[PDB]
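Student: Protein chains in written order, with full-length UniProt numbering: chain A, 2 to 144; chain B, 60 to 226; chain C, 2 to 261; chain D, 2 to 123, 135 to 200; chain E, 2 to 99.
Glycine included, C-beta positions come from ideal geometry on N, C-alpha and C.
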Amino acid sequence: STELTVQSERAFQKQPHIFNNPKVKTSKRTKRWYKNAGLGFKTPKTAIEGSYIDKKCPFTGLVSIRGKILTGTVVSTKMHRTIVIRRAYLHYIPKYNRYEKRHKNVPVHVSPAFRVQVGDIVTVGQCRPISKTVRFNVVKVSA
Amino acid sequence: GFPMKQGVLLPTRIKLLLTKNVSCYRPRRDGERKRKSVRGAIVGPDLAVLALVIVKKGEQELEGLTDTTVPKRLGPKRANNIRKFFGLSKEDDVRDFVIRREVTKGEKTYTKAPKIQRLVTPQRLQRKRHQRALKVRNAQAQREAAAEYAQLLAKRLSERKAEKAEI
Amino acid sequence: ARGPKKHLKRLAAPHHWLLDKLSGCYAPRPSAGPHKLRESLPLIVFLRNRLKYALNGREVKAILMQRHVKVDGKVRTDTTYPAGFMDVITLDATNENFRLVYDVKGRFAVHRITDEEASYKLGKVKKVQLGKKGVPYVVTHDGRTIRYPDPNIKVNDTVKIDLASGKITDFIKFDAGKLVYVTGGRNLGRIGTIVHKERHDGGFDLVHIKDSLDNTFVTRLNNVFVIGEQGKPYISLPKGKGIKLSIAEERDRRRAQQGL
Amino acid sequence: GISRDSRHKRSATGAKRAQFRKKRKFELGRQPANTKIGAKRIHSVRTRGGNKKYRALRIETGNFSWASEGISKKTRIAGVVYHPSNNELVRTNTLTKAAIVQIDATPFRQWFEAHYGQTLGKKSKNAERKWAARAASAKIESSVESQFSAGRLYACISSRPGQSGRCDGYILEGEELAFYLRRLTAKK
Amino acid sequence: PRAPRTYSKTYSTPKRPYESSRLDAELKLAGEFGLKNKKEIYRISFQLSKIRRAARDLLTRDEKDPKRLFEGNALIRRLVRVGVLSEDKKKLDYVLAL
RNA sequence: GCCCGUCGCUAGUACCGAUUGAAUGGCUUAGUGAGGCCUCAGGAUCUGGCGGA
RNA sequence: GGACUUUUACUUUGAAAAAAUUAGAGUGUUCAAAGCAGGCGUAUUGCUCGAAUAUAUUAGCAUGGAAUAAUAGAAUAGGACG
RNA sequence: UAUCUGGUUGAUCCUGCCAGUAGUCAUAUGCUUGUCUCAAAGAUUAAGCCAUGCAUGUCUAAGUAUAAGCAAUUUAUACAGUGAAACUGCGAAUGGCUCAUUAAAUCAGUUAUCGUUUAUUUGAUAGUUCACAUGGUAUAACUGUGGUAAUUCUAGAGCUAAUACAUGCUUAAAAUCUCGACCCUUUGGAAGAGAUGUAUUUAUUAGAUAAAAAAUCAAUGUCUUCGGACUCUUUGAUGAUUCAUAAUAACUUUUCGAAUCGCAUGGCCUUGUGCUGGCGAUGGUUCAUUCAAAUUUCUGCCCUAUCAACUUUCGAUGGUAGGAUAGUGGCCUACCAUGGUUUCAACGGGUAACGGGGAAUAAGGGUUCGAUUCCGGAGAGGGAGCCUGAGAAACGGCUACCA
Ligand SMILES: [Mg+2]
Ligand SMILES: [Mg+2]
Ligand SMILES: [Mg+2]
Ligand SMILES: [Mg+2]
Ligand SMILES: [Mg+2]
Ligand SMILES: [Mg+2]
Ligand SMILES: [Mg+2]
Ligand SMILES: [Mg+2]
Ligand SMILES: [Mg+2]
Ligand SMILES: [Mg+2]
Ligand SMILES: [Mg+2]
Ligand SMILES: [Mg+2]
Ligand SMILES: [Mg+2]
Ligand SMILES: [Mg+2]
Ligand SMILES: [Mg+2]
Ligand SMILES: [Mg+2]
Ligand SMILES: [Mg+2]
Ligand SMILES: [Mg+2]
Ligand SMILES: [Mg+2]
Ligand SMILES: [Mg+2]
Ligand SMILES: [Mg+2]
Ligand SMILES: [Mg+2]
Ligand SMILES: [Mg+2]
Ligand SMILES: [Mg+2]
Ligand SMILES: [Mg+2]
Ligand SMILES: [Mg+2]
Ligand SMILES: [Mg+2]
Ligand SMILES: [Mg+2]
Ligand SMILES: [Mg+2]
Ligand SMILES: [Mg+2]
Ligand SMILES: [Mg+2]
Ligand SMILES: [Mg+2]
Ligand SMILES: [Mg+2]
Ligand SMILES: [Mg+2]
Ligand SMILES: [Mg+2]
Ligand SMILES: [Mg+2]
Ligand SMILES: [Mg+2]
Ligand SMILES: [Mg+2]
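1) To which residues of the same chain is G68/A closer than 7 Å at the C-beta, ignoring the five residues directly before and after it?
2) Would you say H81/A touches ligand 2, meaning its beta carbon is less than 7 Å from a heavy atom?
3) For the alpha helix (DSSP H) holding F13/A, just list the boundary residues, first then last.
4) Residues of chain C with a CB under 7 Å from the CB of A4/E: which are they?
5) Is there a Cβ of chain C sitting closer than 8 Å to that of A107/B, yes or no?
6) Identify whether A139/D lies in helix, strand or coil by the three-state DSSP scheme.
7) Does any CB atom of chain A fall closer than 8 Å to the CB of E153/D?
8) If the cut is a Cβ gap below 9 Å, which residues of chain C does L40/A touch?
9) Given a cut-off of 8 Å on the beta-carbon distance, is the pair residue 1/A and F137/A in contact?
10) Of all the alpha helix (DSSP H) runs that stay within the bounds of the segment 141-188 of chain C, which reach a length of 4 or more residues?
11) Does the beta carbon of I244/C sit closer than 8 Å to a beta carbon anywhere in chain E?
12) Using a Cβ-Cβ cut-off of 6 Å (strictly less than) and excluding sequence neighbours within five positions of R68/C, which residues of its own chain qualify?
13) With a cut-off of 8 Å, does the C-beta of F137/A fall near any C-beta of chain D?
14) Does the segment 53-72 of chain A touch the segment 9-17 of chain A, meaning 3 or more C-beta pairs lie closer than 8 Å?
15) Report the residue from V108/B, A107/B, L109/B, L124/B whose alpha carbon sits nearest the alpha carbon of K115/B.
16) Looking at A57/D: is its Cβ nearer than 8 Å to the Cβ of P173/D?
17) Is there at least one Cβ from chain B nearer than 8 Å to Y27/C's Cβ?
18) Under three-state DSSP, which class holds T31/A?
19) Would DSSP call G241/C helix, strand or coil?
20) Between which two residues does the beta strand (DSSP E) holding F218/C run?
21) Under a CB-based cut-off of 8 Å, is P130/A close to chain D?
22) Establish whether the CB of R87/A and some CB of chain D are separated by less than 8 Å.
23) Counting along the chain, where does the beta strand (DSSP E) carrying residue 158/A start and finish?
24) Quick one: list the residues of chain E neighbouring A249/C, beta-carbon separation under 8 Å, in chain order.
25) Between the C-alpha atoms of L44/C and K122/C, what's the straight-line distance to the nearest angstrom?
26) Grouping DSSP H, G and I as helix and E and B as strand, with all else coil, what is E28/D?
27) Output needed for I147/C: all residues of its chain with C-beta closer than 7 Å, excluding positions within five of it in sequence on either side, in chain order.
28) Once you ignore the five residues that flank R129/A on each side, which residues in its own chain have a CB closer than 8 Å to its CB?
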């Protein structure tokens with residue numbers, strides 16, 4: 002998201018400790034910082050080329066991916082910079098020896114590097130609690 | 060029997076919460092503060108006993124105070140304190156100046172005195188010497204132990220260059 | 002629960018400790034030290050259960066207060082001292098020296114050693130990183146840190162220590178085909194020298210171990226402890242040398258030595 | 002006192018959660034310092050396990066650094082003119098992180114003229141050599157050279173005065189300064 | 002606070018309580034072996050049925066299953082060890098019939 | 001032969017019911033508001049020209 | 001190390017795996033419920049076996065299988081390899 | 001250890017419930033009661049109320065002894081043994097008891113901290129601080145004068161202790177940066193003036209590595225063979241970082257950097273109260289370990305629709321910034337947005353509900369129970385608040401309100 006508005010907040014957005022110098026001549030105009038989370042998740046080129054600033058982004062922001070790595074179907078693109086996915090499963094009831102369709106809707110942060118829609122399968126990795134409900138972050142879109 | 064406490068400006072009784080270092084309160088646990096009653100600092104006919112201290116002698120010697128005089132139960136026990144209780148110099152061997160207490164147990168007229176503290180004695184300087192020396196000893200024991208490691212890699216580059224000039 | 006729990010009820014004590022059930026109501030809580038609580042053994046247990054040296058626990062302290070016992074060096078008179086795996090328990094009296102090594106069943110066994118062998122010990126390096134004013138250090142299973150180690154000394158590798166001083170002499174590495182000792186789960190005690198490692202980036206790399214009986218098994222990395230070269234250990238192993246005798250095998254040869 | 006827990010703050014589904022395990026000291030929260038300018042007065046606070054924290058009230062001088070020049074000098078904090086969180090913070094001239102302040106600026110020019118000293122604004137044999145080997149690195153900005161005439165420079169707080177006790181910052185430059193410049197003017 | 006001293010009971014009881022056939026048999030057995038209460042008979046029936054479902058359980062295991070063999074030879078061994086199961090009947094198919 | 005319902009006697013159970021009925025617990029508006037903690041002041045004394053307690 | 005990987009259910013094996021409990025081995029608590037002891041000589045200054053095994057089974061982890069049952073793929077070619 | 005039997009009819013076969021029957025680590029009660037072993041037990045109702053007594057104190061050679069204390073011995077005329085009282089330190093956050101609240105809570109298995117605190121134990125770690133033969137009062141116990149019906153109440157007055165309280169010296173070398181008095185104009189270099197322990201705060205920089213090379217602007221480092229060349233040059237960990245670690249300019253009511261104690265006492269001359277020096281105790285920063293803690297991922301709860309819509313009044317879901325925390329986070333505030341759960345049962349209600357290891361009942365599948373010896377959680381008549389501290393929202397701690 003972030004819809005083409007770079008400096009839209011009351012406060013100035015910048016990455017912490019990433020200093021651009023006005024004295025020197027430069028063809029970048031923003032020393033950018035980035036990393037590869039690991040585990041085989043390619044840092045999307047849109048993250049490195051991107052103009053946005055996201056503190057919660059797993060590639061450009063100050064957050065690490067450790068713990069479970071899950072996958073789910075996106076169900077809600079309504080909130081800004083976040084989505085709700087519905088991870089389905091089937092619960093085994095021993096007495097009847099059969100299953101029942103269950104589900105859970107976990108919220109996860111979505112960095113502006115990825116552009117999603119509802120109905121797309123996506124992989125998210127657990128991170129440090131970044132909100133009241135969000136505990137995961139999007140790392141790769143299968144769809 | 061409620062005692063008064065300075066700095067209240069009250070001729071009546073009140074109840075306050077006291078802590079350590081405060082008057083009319085001896086704590087019984089760590090960080091323990093208990094609310095107790097206290098009488099004001101302004102004298103009143105309700106007081107049963109007033110406590111006062113003389114600050115100037117009068118015209119006639121009092122019944123038993125200006126006449127009588129009692130001595131200080133203890134004497135200086137810290138070396139520099141004896142020095143300044145007798146206006147002594149810093150080299151007069153105070154151990155001879157520590158006042159004794161002649162006492163008896165029958166014909167056991169013994170003389171006991173306090174263990175003067177903070178005195179400069181051989182053992183004290185032995186300890187200071189030992190510490191001030193041990194410090195520098197390790198100070199460079201580790202500098203040498205550091206150079207030996209520096210050499211381990213200084214000559215591990217031996218193979219970083221001999222396996223480069225041997226293949 | 003408001004702080005540190007300083008008790009240990011019975012039935013909560015480690016099973017490999019071999020504590021009888023009805024002996025009152027509590028076990029001795031191991032103290033804080035070099036080895037993890039659930040991964041150790043205290044002196045009271047050693048001197049009372051394993052060696053039957055002291056009858057009461059009251060007697061154990063009387064024994065220790067005379068400086069008779071020393072472990073890995075110094076006296077260590079803490080009745081609840083957490084003596085752990087590979088520690089060396091010397092004994093001024095009786096000239097005895099012991100090394101703490103497991104069985105194949107998983108418990109610590111009494112293993113006497115030479116006065117010569119009592120001078121050293123090993124340790125699985127658990128961490129290696131730079132520190133104070135750039136000097137690198139190593140911390141291992143032991144719970145001791147050694148400054149200025151060799152730049153080839155990586156993590157998970159075993160190391161030999163003098164114990165007269167701190168510096169290490171040799172350092173075996175975690176490479177395919179090196180003597181190992183399983184300390185974890187109940188495969189703990191088995192020995193067999195390496196099969197291969199499954200990295201599994203993210204955590205819990207798994208080790209494949211083949212005993213020298215053509216028997217395979219698997220465990221997790223932090224449970225394997227390299228000890229040297231195939232058939233060539235670096236310490237005196239215990240009887241049976243960890244090869245997982247089957248229940249039928251041990252009962253068969255238990256009835257083998259039949260006549261007295 | 003305050004509790005930073007989530008027993009309250011009913012579940013994402015909207016359900017209400019009953020009170021269990023009444024408040025403990027580890028879930029504690031304390032009052033803000035709401036630090037103001039002048040008459041430096043700081044108070045220690047016993048955080049978890051000792052670890053004193055310095056709650057700063059009434060702070061007047063701070064360490065501010067010129068980033069483009071790699072220098073840091075201490076100056077007297079003059080005032081606050083912008084805060085993204087609350088306009089009331091600027092009105093009361095309170096000191097918190099991210100606050101935009103104005104500083105004396107005389108030290109940061111005393112050093113410049115002890116430094117190249119090329120009369121920014123508007135004679136020793138050994139000094140001229142460095143001045144010459146320093147020149148061509150003296151023109152700085154059509155937006156930071158101007159504030160010296162005002163004798164007050166725009167800086168941004170980077171410390172947590174209610175936590176560290178110190179109130180440090182860095183002078184504003186480049187596009188960060190451009191952002192706050194349009195903010196200040198377009199606002200007032 | 003202290004370990005629970007384990008316990009267990011050694012006597013089961015017939016569901017039908019007034020089966021005259023089984024009652025008469027039971028009595029003659031008691032009066033023959035010198036028993037005092039019929040429950041010393043109920044008891045023996047208890048351990049018997051226990052051994053029987055312990056064996057019959059293994060009897061459906063794939064013949065020569067490791068634990069089947071270990072506990073099978075163990076059971077027959079202790080039974081001959083006491084002298085109830087004949088030495089010719091040492092392959093456990095006769096234990097269902099003790 | 002069987003058998004149904006009103007009506008009448010004894011006993012029991014539950015229902016509806018004026019009393020804007022009563023009681024016990026869980027929340028909670030509004031109003032009043034103890035206490036400790038933080039903070040602006042204070043300054044009995046008590047000592048370090050201008051700071052501290 | 002680099003570059004890239006359609007998604008699932010199922011089943012196998014294994015690790016992780018507290019003790020007591022339970023199933024269960026050994027041992028003759030005088031028997032037994034129990035307990036984890038005990039058994040051996042030179043019983044004069046010691047010899048010696050133990051304190052098993054099983055069990056967790058839903059979920060997560062690891063691994064083999066590719067039947068069964070789903071999902072996706074090239075049709076306005078905006079396909080596939082180069 | 002896969003079983004049934006009595007009761008609808010004149011008789012019959014069914015459906016079907018009742019009754020029979022067996023067991024219960026399942027309570028009570030009735031009658032009866034000799035031995036061994038074993039030995040639970042005020043849970044259920046009333047987390048209702050409690051007389052009394054007891055349940056937390058603690059000293060080593062090794063912090064403090066002038067008891068006007070015992071003991072007298074014994075090199076000890078400073079102290080020296082033994083030691084009440086009192087200070088200091090530590091502990092009193094473990095233990096034990098109960099199951100009231102608690103239904104996505106707790107708990108269980110499985111995860112996370114690259115998301116923090118961590119007494120202690122254990123291992124490492126400090127030449128740097130500008131009277132040193134060692135700096136300061138102000139106090140208990142004690143003495144003595146007192147009050148009160150009354151308590152582990154205490155006041156006024158006079159002494160004296162320290163590892164309490166409050167301070168304040170020190171140490172090699174070395175190298176690197178800054179200024180730079182002079183001198184002389186060049187390619188430019190110099191006497192010597194300061195600075196530079198660690199810890200806090202901020203800004204900047206290093207921290208390489210996906211296979212190979214050049215040109216140039218601004219500075220500018222060693223070696224000159226004065227065209228010039230610049231020469232092999234070093235790199236830690238993770239899957240993963242701004243990590244470990246390091247450098248630069250500064251900041252701090254300025255953390256630590258031994259004014260401590262026991263047992264011995266010796267060398268070594270240039271004989272200075274010189275210089276030295278053995279074992280081991282308490283402490284002390286920072287890192288590590290261990291005992292922890294705090295949060296934390298995935299999935300799993302009993303009955304209920306005569307509960308279908310629920311969540312933002314007064315945070316409900318997210319963003320930004322800040323504040324607060326030990327630290328992540330609507331934990332809290334400001335601004336902005338309008339999100340979030342639900343028939344795959346949300347939300348609400350009920351529970352004679354703490355969860356679990358587990359118990360009972362033996363064809364199997366199941367059914368039913370767990371207050372209760374182990375683990376976890378919660379609480380101490382009900383709430384809230386807080387001091388001490390490493391650790392308590394503690395209650396055999398305090399403060400307030402209600403009873
Ligand atoms: Mg950087
Ligand atoms: Mg929105
Ligand atoms: Mg002293
Ligand atoms: Mg202990
Ligand atoms: Mg009325
Ligand atoms: Mg405030
Ligand atoms: Mg009838
Ligand atoms: Mg009939
Ligand atoms: Mg008839
Ligand atoms: Mg019935
Ligand atoms: Mg009970
Ligand atoms: Mg009760
Ligand atoms: Mg004495
Ligand atoms: Mg004497
Ligand atoms: Mg407790
Ligand atoms: Mg919890
Ligand atoms: Mg004073
Ligand atoms: Mg590197
Ligand atoms: Mg960088
Ligand atoms: Mg860092
Ligand atoms: Mg001498
Ligand atoms: Mg209803
Ligand atoms: Mg409907
Ligand atoms: Mg926010
Ligand atoms: Mg709305
Ligand atoms: Mg329903
Ligand atoms: Mg209840
Ligand atoms: Mg049924
Ligand atoms: Mg329970
Ligand atoms: Mg239950
Ligand atoms: Mg109950
Ligand atoms: Mg409990
Ligand atoms: Mg509590
Ligand atoms: Mg009560
Ligand atoms: Mg209430
Ligand atoms: Mg309380
Ligand atoms: Mg009590
Ligand atoms: Mg208590």
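Tutor: Looking at the atomic coordinates:
1) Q127
2) yes
3) Here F13/A belongs to no alpha helix (DSSP H), and DSSP marks it neither H nor E.
4) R11, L12, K22, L23
5) no
6) helix
7) yes
8) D202, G203
9) Missing from the structure shown is residue 1/A; chain A here goes from 2 to 144 and no further.
10) none
11) no
12) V76
13) no
14) yes
15) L124/B
16) yes
17) no
18) coil
19) coil
20) 216-221
21) no
22) no
23) Nothing in the structure corresponds to residue 158/A, since chain A is present only between 2 and 144.
24) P67, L70, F71
25) 19 Å
26) helix
27) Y138, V139, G167, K168, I169
28) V64, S65
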